[PDB]
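Comments concern the structure below.
Number of protein chains: 2
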Amino acid sequence: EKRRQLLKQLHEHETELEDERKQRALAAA
Amino acid sequence: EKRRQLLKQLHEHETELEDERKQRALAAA
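Sequence lines, in order, name chains G and H.
Quick note: the first sequence uses PDB author numbering, first residue 1595, plus one each step.
Quick note: the second sequence uses PDB author numbering, first residue 1595, plus one each step.
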């Protein structure tokens, strides 16, 4: 269960990666 | 506690998205 939630943590870290690229797109304008 | 750190990270996520939404609303140009 801990390993599964760690993989979920990595997936959500990826989600903040899309958050970062969204912020970069916002700053581009 | 690990998942609550994840939850506060998600709180940062949603606050950033709300800030992006209001920023786009106010300065869509």
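Note that the Cβ used here is the ideal one computed from N, Cα and C, for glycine as well.
Quick one: is the Cβ of residue i within less than 7 angstroms of any heavy atom of the ligand FAD?
i	result
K1602 (chain G)	The model depicted lacks the ligand FAD and carries no ligand whatsoever.
Residue i and residue j: beta carbons closer than 8 angstroms?
i	j	result
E1614 (chain H)	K1596 (chain G)	no
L1601 (chain H)	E1606 (chain G)	no
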